[PDB]
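The structure appears below as structure tokens.
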Amino acid sequence: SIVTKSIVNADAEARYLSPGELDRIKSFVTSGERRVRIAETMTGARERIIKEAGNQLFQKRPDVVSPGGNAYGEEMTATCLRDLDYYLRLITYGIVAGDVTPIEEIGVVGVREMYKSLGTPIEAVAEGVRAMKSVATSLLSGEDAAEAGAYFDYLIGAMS
Amino acid sequence: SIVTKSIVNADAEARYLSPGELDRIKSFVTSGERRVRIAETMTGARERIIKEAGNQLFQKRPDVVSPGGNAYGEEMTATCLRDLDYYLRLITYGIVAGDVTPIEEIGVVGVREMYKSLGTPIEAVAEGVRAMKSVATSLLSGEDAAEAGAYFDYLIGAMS
Amino acid sequence: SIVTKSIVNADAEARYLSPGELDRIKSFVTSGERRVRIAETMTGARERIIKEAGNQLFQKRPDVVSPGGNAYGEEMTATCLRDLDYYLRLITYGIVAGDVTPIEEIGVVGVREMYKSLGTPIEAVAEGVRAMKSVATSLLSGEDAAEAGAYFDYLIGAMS
Amino acid sequence: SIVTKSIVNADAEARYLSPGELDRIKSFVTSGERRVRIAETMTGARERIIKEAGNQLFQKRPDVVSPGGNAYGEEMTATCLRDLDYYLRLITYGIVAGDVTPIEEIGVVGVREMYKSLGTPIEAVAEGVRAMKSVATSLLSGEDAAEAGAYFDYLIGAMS
Amino acid sequence: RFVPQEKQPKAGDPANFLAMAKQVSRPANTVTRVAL
Amino acid sequence: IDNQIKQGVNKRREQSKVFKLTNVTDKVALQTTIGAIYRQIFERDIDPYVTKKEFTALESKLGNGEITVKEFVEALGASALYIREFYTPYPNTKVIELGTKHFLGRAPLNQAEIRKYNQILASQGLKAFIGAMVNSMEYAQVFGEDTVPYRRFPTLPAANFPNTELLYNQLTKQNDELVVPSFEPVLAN
Amino acid sequence: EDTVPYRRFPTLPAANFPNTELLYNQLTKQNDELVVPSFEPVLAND
Amino acid sequence: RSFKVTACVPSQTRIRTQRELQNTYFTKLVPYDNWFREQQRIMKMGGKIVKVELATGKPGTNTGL
Amino acid sequence: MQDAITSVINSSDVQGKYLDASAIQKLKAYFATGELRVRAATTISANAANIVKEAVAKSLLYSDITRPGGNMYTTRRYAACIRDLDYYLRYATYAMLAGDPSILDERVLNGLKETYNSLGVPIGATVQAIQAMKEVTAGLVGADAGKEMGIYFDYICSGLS
Amino acid sequence: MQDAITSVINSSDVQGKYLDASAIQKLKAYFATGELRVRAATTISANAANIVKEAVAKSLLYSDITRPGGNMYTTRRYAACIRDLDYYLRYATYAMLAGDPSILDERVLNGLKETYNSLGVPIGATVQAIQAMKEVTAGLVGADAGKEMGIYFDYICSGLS
Amino acid sequence: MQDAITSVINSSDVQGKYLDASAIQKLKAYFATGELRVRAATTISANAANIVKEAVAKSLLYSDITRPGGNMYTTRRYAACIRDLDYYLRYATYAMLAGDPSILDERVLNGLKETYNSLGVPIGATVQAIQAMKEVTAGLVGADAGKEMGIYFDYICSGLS
Amino acid sequence: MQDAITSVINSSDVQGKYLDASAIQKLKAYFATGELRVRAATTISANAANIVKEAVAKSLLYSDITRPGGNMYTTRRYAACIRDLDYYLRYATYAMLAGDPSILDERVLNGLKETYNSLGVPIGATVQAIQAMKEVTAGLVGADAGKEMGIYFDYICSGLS
Ligand SMILES: *[C@H](C)[C@H]1/C(=C/c2[nH]c(/C=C3N=C(/C=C4\NC(=O)C(CC)=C4C)C(C)=C/3CCC(=O)O)c(CCC(=O)O)c2C)NC(=O)[C@@H]1C
Ligand SMILES: *[C@H](C)[C@H]1/C(=C/c2[nH]c(/C=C3N=C(/C=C4\NC(=O)C(CC)=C4C)C(C)=C\3CCC(=O)O)c(CCC(=O)O)c2C)NC(=O)[C@@H]1C
Ligand SMILES: *[C@H](C)[C@H]1/C(=C/c2[nH]c(/C=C3N=C(/C=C4\NC(=O)C(CC)=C4C)C(C)=C\3CCC(=O)O)c(CCC(=O)O)c2C)NC(=O)[C@@H]1C
Ligand SMILES: CCC1=C(C)/C(=C/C2=NC(=C\c3[nH]c(/C=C4\NC(=O)[C@H](C)[C@H]4CC)c(C)c3CCC(=O)O)/C(CCC(=O)O)=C2C)NC1=O
Ligand SMILES: CCC1=C(C)/C(=C/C2=NC(=C\c3[nH]c(/C=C4\NC(=O)[C@H](C)[C@H]4CC)c(C)c3CCC(=O)O)/C(CCC(=O)O)=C2C)NC1=O
Ligand SMILES: CCC1=C(C)/C(=C/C2=NC(=C\c3[nH]c(/C=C4\NC(=O)[C@H](C)[C@H]4CC)c(C)c3CCC(=O)O)/C(CCC(=O)O)=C2C)NC1=O
Ligand SMILES: CCC1=C(C)/C(=C/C2=NC(=C\c3[nH]c(/C=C4\NC(=O)[C@H](C)[C@H]4CC)c(C)c3CCC(=O)O)/C(CCC(=O)O)=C2C)NC1=O
Ligand SMILES: CCC1=C(C)/C(=C/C2=NC(=C\c3[nH]c(/C=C4\NC(=O)[C@H](C)[C@H]4CC)c(C)c3CCC(=O)O)/C(CCC(=O)O)=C2C)NC1=O
Ligand SMILES: CCC1=C(C)/C(=C/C2=NC(=C\c3[nH]c(/C=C4\NC(=O)[C@H](C)[C@H]4CC)c(C)c3CCC(=O)O)/C(CCC(=O)O)=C2C)NC1=O
């Protein structure tokens, strides 16, 4: 994580890592006990978030809800509802990791060539996780939502 | 500073700043009032490190002030104190920047050519920063000198 | 005066008098009796200024009074006093008209090549006005001594 | 030289060099080494001409070394040996050149507003070359003082 | 020690420095009387 | 001298030597090639710009033979010393005329070769930009995988020649301005 | 003293000709930059 | 992650006075993302590869690169 | 490139001094604004393709240049104008996090007066673009947060002119 | 880039129109010269090495330039000058087969004036050689293709001088 | 290459499902030990030349391997032999800060089985050189942190011979 | 790049003549003094870190220029100036063994005046270091070679000033 993001940065310049990094890694571990609190809030909400936001993108975009869209059918509306379960379960690894190196390689790298092969609109899932972001700030206590909500904001700004 | 390392790390990606890098400024600026409440005493107590740096060097390295050594007699105990007075500032300059990269571009990155040529041993100036390390940690509190002591220790590893 | 100064640019572009020029003509008719008043202060302090400000010129510049310069004895210093009592009158003639052009068309336009063709250093006349500066501000209230002090101000910068 | 002067007359007339002007060039190079023989009397005794003029400068104009003048003290009086040797080196350039075109390029065209901004008197320079005229021609032969005295008179003419 | 020790292309005064008296003028000198 | 040195091939194109790497188990022949990589990629000495010898890990992988010089030119220019020296204080159209100076040893070829790398440099960083140059075909037959890049003197594209001696007669950091902004379109569309 | 000034075409000074058609082929307010900054000194000191 | 490739390739267009054994036979370490391009470059000269087992190891992993 | 907090550093070190009291106060003006700057940094990064998405529609689209005859009509040239306007937004984000125009004149202002004249692309439409980018970035970060954003935009469009 | 068929295409493209009646007969004017440009380009390509070796003997030999000090003195430079002239022939047969002289500004006359001024090549001896080359290749293609070949040398010949 | 942090993340996706409370306790066991293993990194980054100096001076500075014959006779075969030692010490800091011995498998221990054999290099000197190097770090970082780095340091011994 | 062998053998080439008796006295002058040059060449390289050391102690060090505000205060560049002063030392020896200042035009004075004013380094302080280096060399090698090596030192001071 923030170890391995920094360790590969220290190895690329071939040296012992900075004391600027030493205040980074010390603050991560001493704030990790509330960082695991954010992950267990998503355990009991794992049906509550995805039930509202998939319908919220269906009313933000009713392009999809008609025959001729991409989620249209009981295996096809279950396609995007399950992929929204994946992206929630993706970045909850990255809350307690504290940076983007778990989310980016197994979520973000091959996307644009995949979704054009899958026929899905990239702008749909871009505003779909925007619907996932807004309810995540409500159940948490503001500031800890604000440090974990930026990984949502990483995921919005890296599709398109 | 801590921003400037992340800026060229952003442009080598040529992307935006990832939120693994954003919070490391959020830990920096809210402790920025804390960090300026560290080094200003080291600007304040100026002489007290310096006169306790030379005499704490000369008992651990007495062959420097012998005849034949570079530093010898008068006017060559003061410029070795004044070249040591230079490297006192950059410890404070690394603290208020929150990173060791302004120490490099004015004070580290060309030491192995100019101290090769001048004949001053780079190990012997490294022990002087190790001599002035103990007198600066006493002037600060113990959890405050623990981060500032590593700022010495990078220059230790850069000299040695 | 100001009525000629407001028209000589205006008639050169062949137009009536601008609204932003008549107000200075208007406010001079409100505030020109102070210029009547401070002219009468300079008449009563006519010889009173240069009994020590001329001495203040010889205090800071004893170059000219020595054998070798220009001023020798009583007479030659008296003609310097006559030239400097030609000079306090000219600014007193200039404050009652309220411009630089009463000062300009008598003494300032030919100030340079006369004095280079006389042996008089043109820098040395400026300290006598600089000694006339500190007494004329001090003999007046500081409200009126600003703007009448501002009328020596062009007369300083056109010597050197 | 005449060659960089008679060309500039002939280029402005857009003609060839007229053979009346060629005999000025033809009589130049045969009388050239006699003009060179003037110059080693100048640059040989060039430490003696500056000493014989400068005290004679400060007997004719003894007032620049007065306190509160322009050049009093050890450092400012020592400029005037360099400020006269600058003209002494320029004059012996011209007798070698045969004409005035080194002097008017180097020392003449901005002599006023440099010295007027410095506050130095012009006529003290004008007697300083005039002190240097009679000293150098007394070291010079009877025909040679007539020709080389005229180049001194241009530098008096430069200030006039 | 320190001692930079360079060269130069100016100076070398042979000191002279004669000096003088400096007397003040009484504030009454006839401003008016100069000539004809 | 006007007919001597001033004939049009400025005689250092065909008397400057190149460096091969046939001798990977030789050690002193390796050391003057590694300096030749340093004096062509960064093209100064790298001695006053490094806190400590920095690349001596992957310098030591060379000579052991499990990397090549095409490895060693690519990963060195990808490192953070090339970012600090040649990527930060210059525009990303200067970098295209600076990356082609050291790697591949020429000017940019066409207007489209500016468009090719600026397509790359906006999407990915210098990471995939430096992978796009040395793994191209034009690196492969004129340099090869055993040679250092060197300054070479093209003849076939029109603006390829005089933009090299407006790139190489300058020294390093001589001008902040880029020498060729782009290539001129000759007509409407 | 009876003629209007007009655009004239010099020949005798060297840089006088091509700095006129770098002054007249431009229209008015065509460039904010001055066309010739100054003239080049050719050697060390003159 | 990286591979340990070895391959053989001749050049067709020219006859070279230098030796080129290291140019006609490789044993290179190449990383994972250059290998999508580095393998294709030997196809254009038509050279054969032989042993392409990875040296960095850990296949089939998801994260950790 | 250098930080605003390192602008305090090198200017006090060309004079050879230490951190003095007003030079502490130069950092203290930074440390009251930095926590808003990083809160502004998230919304511009998440909407990096959702600021230019509205901006080109707000000023550039359905005009002469998107029609044939103009410049933006061919898809190669439209692919650069989406690229260059994303490019200025990323470097203005670097201007806001550093608090400096020092990154802009190094990179995006050295050749920009010359690369745009050589390609024939109009400078004045870019002046309309980033001023419209200045308006559309304030609508989603806030006029309190867009004001510190709205300094270096005027540093950009001055350098175009 | 710019062809002759593309020239009437790109003029029709920036208007946004289609193939109009005047745009078709100009496009059919290129096809009416279609047998001339193909047959002449086969003739020059078969006689490339003989039309060069007459053109250097017609103008360049037995002068100052083939003597010591001249720019085609040595065996590097006289072998270079044949190749540097042969690109003027081969690209002129590109411009005939294109039917438009804008292939010369893209790939011949771009930095060519900047090279030869920096190299000490006599431009007026080059433009004398191409002008001698234009006459001798008009006798090999006939008077019909000799006008169309004779244009495209003097688009090169005015780009040099 | 992965740490102990993304060890449990990589096992979470091979099993596919979200990580449960036993996997949570494996992750937060790092956090009880995270603040002390960074305290080892403070003092090991300072004196990194000191650890590799006296470990030579323990048993490798007056030795038969340093006298004619051997493998540290010349200064160049010296210049790798000390260069391997801080490379083990740097990557031991890389191992002990991440909890995983998998970092130095592919970066250090990839070719060390056969490159020390093919070059005629004694491993039995370097295995002797590191067990004295292991004991001096635990005195310098403290016994609370020196134990846990040793099992990443004795991990190097299992891959060496 | 040329040589006193080659510059008198190429200038006689470009005139078209052969080895003239006036041209034969320059080669035999170079063949007479060539044994003096090659013993003078080795003594520079044996003292190359000490000619540069005594130059900066006699001209550069302990002044305002190494005091903050001067250009030498950054130790990035005091490493670079010893690198810069090494360049004039080795290229003077290359001008000495060639007997020719022609390498200094093409490899030192190509664009050297523009790149020093682009950084704002002092011109005369470097010229004062060349005046330091010419007397240190003439003492260490003997005055018969220092009176020839210093000629190419004055060729550097002519181009730098
Ligand atoms: C040092 C005696 C003076 C000085 C120097 C200063 N120099 C810097 C140096 C540069 N020097 C060069 C020069 C050459 N490169 C070459 O290849 C050759 C011929 C073989 C020469 C003569 C160049 C190209 C640079 C700048 C490029 C770079 O940054 O590497 C700097 C460095 C620029 C910077 O911003 O760091 C400084 C101060 N100042 C003094 O005090 C001495 C007078
Ligand atoms: C020959 C009749 C005349 C002449 C020629 C000459 N040219 C050179 C050098 C060059 N010529 C070129 C030309 C081109 N490059 C292009 O891309 C194109 C468009 C396709 C052209 C026409 C270039 C780049 C050079 C310089 C380097 C090179 O040769 O590749 C030389 C000699 C210089 C050398 O180093 O070989 C000569 C002699 N000179 C004459 O005297 C004739 C009048
Ligand atoms: C878009 C809003 C405006 C516009 C843009 C336009 N730009 C180009 C081409 C280039 N622009 C640049 C400049 C830079 N590229 C960079 O990467 C950087 C620094 C990070 C700068 C300063 C360059 C180099 C090009 C050329 C190729 C490239 O894109 O890199 C074009 C294409 C012009 C052409 O004919 O190819 C266009 C159309 N044009 C508009 O209409 C808008 C006002
Ligand atoms: C995290 C990385 C990841 C992705 C992307 C992923 C995609 C994925 N999408 C699938 C189906 C699908 N998913 C979609 C998705 C969509 N259509 C819509 O209506 C929406 C607009 C849009 C998503 C929001 C579609 C259309 C299919 C069926 C395939 C097809 O016929 O096109 C299936 C097949 C069913 C199965 O799982 O057995 C997989 C594996 N799995 C992954 O692990
Ligand atoms: C901020 C970055 C920076 C660094 C690193 C720096 C080093 C530096 N040390 C110098 C001198 C010196 N430095 C020493 C130092 C020492 N002698 C010894 O024996 C001891 C080992 C050692 C220090 C304890 C001595 C003796 C000199 C004078 C050299 C001489 O007189 O020969 C000088 C030349 C004179 C000066 O300007 O001070 C520089 C430039 N200057 C800088 O601006
Ligand atoms: C206000 C308008 C005005 C000015 C400027 C002016 C200057 C002036 N100064 C004169 C003389 C003089 N003026 C001075 C005055 C000085 N010489 C110095 O070196 C001192 C700096 C300065 C003393 C303050 C002297 C010494 C002479 C006589 C010069 C001589 O006879 O050699 C004369 C000739 C005699 C006369 O008519 O007074 C004029 C016209 N007269 C005017 O009506
Ligand atoms: C060859 C062309 C040439 C000219 C004209 C020239 C003028 C010149 N005169 C100067 C100074 C000076 N010149 C003088 C003049 C004098 N001292 C006196 O007391 C008398 C009034 C007078 C002549 C004897 C004085 C006093 C200074 C120093 C000014 C100061 O430092 O305040 C200076 C500044 C320092 C210096 O270089 O000396 C210049 C450049 N330099 C040149 O290279
Ligand atoms: C020629 C290639 C070569 C070198 C460089 C070399 C160095 C070398 N120096 C050693 C020790 C040493 N060598 C020195 C040498 C010196 N310190 C001083 O005081 C003097 C200035 C200087 C030499 C005169 C010292 C002090 C030690 C002992 C270090 C210690 O005990 O910590 C050792 C371990 C002892 C041994 O030889 O077995 C080696 C291998 N051996 C070689 O074969
Ligand atoms: C971190 C990544 C990395 C690794 C793993 C690495 C290993 C490595 N060790 C090597 C050599 C060496 N390794 C040693 C090792 C030792 N000296 C002894 O006597 C003991 C047996 C042992 C330690 C005390 C020696 C003597 C050589 C030189 C062999 C030679 O060059 O002949 C070489 C051959 C090239 C060279 O000379 O450096 C490699 C590649 N290099 C790397 O960059």
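Chain labels follow the order of the structure tokens: the first chain is A, the next B, and so on; residue numbering restarts at 1 in every chain, and ligands are counted from 1 in their shown order.
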
Cut-off 8 Å, only C-alpha atoms and all ligand atoms, neighbours of ligand 4 as a PyMOL selection string: chain A and resi 64+69-72+75-84+86-87+90+106-107+111+114-115+118-121+124-125+128

Using only C-alpha atoms and all ligand atoms, what are the residues with an atom within 6 Å of ligand 3, set out as an mmCIF file with N, CA and C atoms, in the first residue's frame?
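Dumped everything to part.cif:
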```cif
data_model
loop_
_atom_site.group_PDB
_atom_site.id
_atom_site.type_symbol
_atom_site.label_atom_id
_atom_site.label_comp_id
_atom_site.auth_asym_id
_atom_site.auth_seq_id
_atom_site.Cartn_x
_atom_site.Cartn_y
_atom_site.Cartn_z
ATOM 1 N N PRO F 91 8.965 22.817 -21.651
ATOM 2 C CA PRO F 91 7.643 22.428 -22.150
ATOM 3 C C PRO F 91 7.629 21.021 -22.707
ATOM 4 N N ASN F 92 6.420 20.490 -22.846
ATOM 5 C CA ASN F 92 6.230 19.163 -23.404
ATOM 6 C C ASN F 92 6.109 19.171 -24.917
ATOM 7 N N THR F 93 6.479 20.268 -25.561
ATOM 8 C CA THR F 93 6.897 20.255 -26.947
ATOM 9 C C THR F 93 8.386 20.500 -27.090
ATOM 10 N N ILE F 114 5.487 14.771 -34.113
ATOM 11 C CA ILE F 114 5.110 15.576 -32.961
ATOM 12 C C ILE F 114 3.745 15.140 -32.455
ATOM 13 N N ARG F 115 2.820 14.867 -33.379
ATOM 14 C CA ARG F 115 1.462 14.478 -33.011
ATOM 15 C C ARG F 115 1.410 13.085 -32.415
ATOM 16 N N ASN F 118 2.988 13.545 -28.675
ATOM 17 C CA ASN F 118 2.102 14.370 -27.864
ATOM 18 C C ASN F 118 0.768 13.693 -27.604
ATOM 19 N N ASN I 71 -11.520 25.606 -37.555
ATOM 20 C CA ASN I 71 -10.433 24.730 -37.157
ATOM 21 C C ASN I 71 -10.901 23.458 -36.474
ATOM 22 N N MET I 72 -11.924 23.524 -35.633
ATOM 23 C CA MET I 72 -12.301 22.375 -34.822
ATOM 24 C C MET I 72 -13.106 21.313 -35.564
ATOM 25 N N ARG I 77 -8.190 17.688 -35.259
ATOM 26 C CA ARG I 77 -8.052 18.975 -34.608
ATOM 27 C C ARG I 77 -8.977 19.105 -33.415
ATOM 28 N N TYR I 78 -10.114 18.412 -33.422
ATOM 29 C CA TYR I 78 -10.931 18.413 -32.218
ATOM 30 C C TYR I 78 -10.303 17.561 -31.136
ATOM 31 N N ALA I 80 -7.198 17.490 -30.382
ATOM 32 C CA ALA I 80 -6.185 18.271 -29.695
ATOM 33 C C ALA I 80 -6.789 19.347 -28.812
ATOM 34 N N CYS I 81 -7.955 19.873 -29.177
ATOM 35 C CA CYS I 81 -8.551 20.923 -28.369
ATOM 36 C C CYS I 81 -9.183 20.370 -27.105
ATOM 37 N N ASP I 84 -5.728 19.885 -25.206
ATOM 38 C CA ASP I 84 -5.081 21.090 -24.703
ATOM 39 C C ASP I 84 -5.881 21.745 -23.592
ATOM 40 N N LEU I 85 -7.189 21.558 -23.582
ATOM 41 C CA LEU I 85 -7.968 22.195 -22.540
ATOM 42 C C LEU I 85 -7.992 21.354 -21.279
ATOM 43 N N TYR I 87 -5.249 19.855 -20.682
ATOM 44 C CA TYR I 87 -3.866 20.141 -20.340
ATOM 45 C C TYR I 87 -3.744 21.386 -19.474
ATOM 46 N N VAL I 108 4.087 25.831 -19.719
ATOM 47 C CA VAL I 108 3.009 26.036 -20.672
ATOM 48 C C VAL I 108 2.985 27.469 -21.184
ATOM 49 N N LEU I 112 4.323 28.735 -26.185
ATOM 50 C CA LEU I 112 2.900 28.813 -26.499
ATOM 51 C C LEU I 112 2.570 30.007 -27.381
ATOM 52 N N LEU I 119 1.075 27.004 -36.104
ATOM 53 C CA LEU I 119 0.023 26.125 -36.582
ATOM 54 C C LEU I 119 -1.163 26.886 -37.147
ATOM 55 N N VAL I 121 -3.578 28.196 -35.422
ATOM 56 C CA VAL I 121 -4.711 28.086 -34.500
ATOM 57 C C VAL I 121 -4.923 29.427 -33.803
ATOM 58 N N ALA I 125 -9.639 32.466 -29.382
ATOM 59 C CA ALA I 125 -10.670 31.524 -28.967
ATOM 60 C C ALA I 125 -10.271 30.801 -27.693
ATOM 61 N N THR I 126 -8.968 30.642 -27.462
ATOM 62 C CA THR I 126 -8.495 30.058 -26.216
ATOM 63 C C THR I 126 -8.729 31.007 -25.052
#
```

After a least-squares fit of chain L on chain J across every C-alpha pair in order, what's the RMSD, to one decimal?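 Across all paired C-alpha atoms, the RMSD is 0.8 Å.
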
Give as an mmCIF file with N, CA, C and O atoms, in the first residue's frame every residue of chain A that touches chain H within 9 Å, counting only C-alpha atoms.
```
data_model
loop_
_atom_site.group_PDB
_atom_site.id
_atom_site.type_symbol
_atom_site.label_atom_id
_atom_site.label_comp_id
_atom_site.auth_asym_id
_atom_site.auth_seq_id
_atom_site.Cartn_x
_atom_site.Cartn_y
_atom_site.Cartn_z
ATOM 1 N N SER A 1 0.819 -1.207 0.000
ATOM 2 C CA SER A 1 0.000 0.000 0.000
ATOM 3 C C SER A 1 0.856 1.260 0.000
ATOM 4 O O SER A 1 1.692 1.442 -0.880
ATOM 5 N N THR A 4 4.131 0.173 -0.057
ATOM 6 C CA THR A 4 4.615 -0.288 -1.359
ATOM 7 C C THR A 4 4.521 0.774 -2.444
ATOM 8 O O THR A 4 5.170 0.635 -3.483
ATOM 9 N N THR A 101 -3.052 2.259 -4.939
ATOM 10 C CA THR A 101 -2.396 1.096 -5.542
ATOM 11 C C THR A 101 -3.081 -0.274 -5.409
ATOM 12 O O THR A 101 -2.756 -1.147 -6.222
ATOM 13 N N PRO A 102 -4.000 -0.560 -4.460
ATOM 14 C CA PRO A 102 -4.863 -1.722 -4.696
ATOM 15 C C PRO A 102 -5.980 -1.482 -5.691
ATOM 16 O O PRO A 102 -6.324 -2.422 -6.412
ATOM 17 N N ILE A 103 -6.531 -0.273 -5.794
ATOM 18 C CA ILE A 103 -7.731 -0.097 -6.610
ATOM 19 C C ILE A 103 -7.353 0.046 -8.074
ATOM 20 O O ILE A 103 -8.073 -0.438 -8.956
ATOM 21 N N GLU A 105 -4.833 -1.050 -10.145
ATOM 22 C CA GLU A 105 -4.374 -2.121 -11.019
ATOM 23 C C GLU A 105 -5.463 -3.149 -11.300
ATOM 24 O O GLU A 105 -5.559 -3.650 -12.421
ATOM 25 N N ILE A 106 -6.311 -3.461 -10.322
ATOM 26 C CA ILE A 106 -7.356 -4.447 -10.526
ATOM 27 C C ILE A 106 -8.707 -3.797 -10.787
ATOM 28 O O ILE A 106 -9.723 -4.494 -10.844
#
```

As a tab-separated table (two decimals) with C-alpha atoms, in the first residue's frame, please: the residues near residue 5 of chain H (cut-off 8 Å, only C-alpha atoms, same-chain neighbours under 2 positions excluded).
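Okay, selection.tsv is ready:
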```
chain	number	residue	atom	x	y	z
H	3	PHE	CA	10.31	-12.13	-17.82
H	7	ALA	CA	15.78	-15.48	-28.54
H	26	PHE	CA	19.83	-12.68	-26.48
H	27	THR	CA	19.23	-13.57	-22.89
H	28	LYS	CA	17.42	-10.49	-21.64
H	29	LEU	CA	15.32	-9.48	-18.69
H	30	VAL	CA	12.30	-7.57	-19.95
H	49	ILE	CA	12.27	-17.13	-29.35
H	50	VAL	CA	12.89	-20.23	-27.25
H	51	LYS	CA	12.70	-20.02	-23.43
H	52	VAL	CA	10.46	-17.33	-22.01
H	53	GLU	CA	9.93	-18.43	-18.41
H	54	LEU	CA	9.46	-15.61	-15.96
```

Only residues of chain B matter here; which ones have an atom within 8 Å of chain I, counting only C-alpha atoms? Give them as a list in words.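 So the contacting residues turn out to be residues 1, 3, 4, 7, 15, 16, 17, 19, 22, 25, 26, 29, 30, 32, 33, 36, 40, 43, 89, 93, 97 and 102 of chain B.
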
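Here chain A has been superposed onto chain B using all C-alpha atoms in order, and the two differ by 1.0 Å RMSD.
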
Each residue of chain G lying at most 10 Å from chain D should get a row with its shortest atom-to-atom pair and the distance in Å to one decimal, counting only C-alpha atoms; could you produce that, ordered by chain and increasing number, as JSON lines?
```
{"residue": "G:12", "atom": "CA", "partner": "D:14", "partner_atom": "CA", "distance": 8.3}
{"residue": "G:13", "atom": "CA", "partner": "D:11", "partner_atom": "CA", "distance": 9.9}
{"residue": "G:45", "atom": "CA", "partner": "D:106", "partner_atom": "CA", "distance": 9.6}
{"residue": "G:46", "atom": "CA", "partner": "D:105", "partner_atom": "CA", "distance": 7.5}
```

Residues of segment 25-159 of chain B in helix (DSSP H, G or I), written as a PyMOL selection string: chain B and resi 25-30+32-44+47-58+79-97+101-108+111-118+122-139+142-159

Write out as JSON lines the residues of chain L that have any atom within 12 Å of an atom of chain G, one row each with the nearest atom pair and its distance in Å to one decimal, counting only C-alpha atoms, sorted by chain and then rising number.
```
{"residue": "L:158", "atom": "CA", "partner": "G:44", "partner_atom": "CA", "distance": 10.1}
{"residue": "L:159", "atom": "CA", "partner": "G:44", "partner_atom": "CA", "distance": 10.2}
{"residue": "L:160", "atom": "CA", "partner": "G:44", "partner_atom": "CA", "distance": 11.2}
{"residue": "L:161", "atom": "CA", "partner": "G:44", "partner_atom": "CA", "distance": 8.6}
```

Please write the residues from the selection above to a file, keeping C-alpha atoms, as a compact mmCIF listing (two decimals), in the first residue's frame.
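Below is the file out.txt, written as the result:
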```txt
# COMPACT_ATOMS: atom_id res chain seq x y z
CA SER L 158 39.95 36.12 -26.16
CA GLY L 159 36.75 34.23 -26.91
CA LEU L 160 35.38 34.55 -23.40
CA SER L 161 36.09 38.28 -23.35
```
